[PDB]
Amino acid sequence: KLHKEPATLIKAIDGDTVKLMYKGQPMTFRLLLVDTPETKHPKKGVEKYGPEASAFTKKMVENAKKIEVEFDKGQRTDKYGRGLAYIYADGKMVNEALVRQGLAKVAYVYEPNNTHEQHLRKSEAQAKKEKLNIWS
């Protein structure tokens, strides 16, 4: 079973990345299962909706009373050393919130790090149905 652990916000970096203090160590976390338009894309730089997704994540984590990270059942860090997790702001999953607002698409999922995949695909279907942002 997955479990939530407390973390402290250091700084929001992009729509899909946030720097947190986890167990006394500064770490960069990459939001699991979502692809957000970027402002720091290696090849493109700032993409359409990138500023929006970036501001949404920033607002959500900065205004939260409690931030929690939830690792999946597979590897906990990617090749760049970023923690791979589901981030919660006052009980609300940031990963899902972005998808629900049409500010992120469900990424190519890598089992076993796919626990909340169906949940996110459902939110994406709704955002698309409502033609929100990315889907407008």
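Residue numbers run from 1 along the displayed sequence.
Per the PDB record, of the two stretches 67-75 and 106-114, 106-114 carries the greater mean B-factor over its C-alpha atoms. Note on 23-31 vs 76-84: mean CA B-factor is higher in 23-31.
Across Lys44, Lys58, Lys92, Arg100, the entry's maximum B-factor at the CA atom is seen for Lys44. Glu38 sits in the highest third of its chain by CA B factor, as recorded in the PDB entry.
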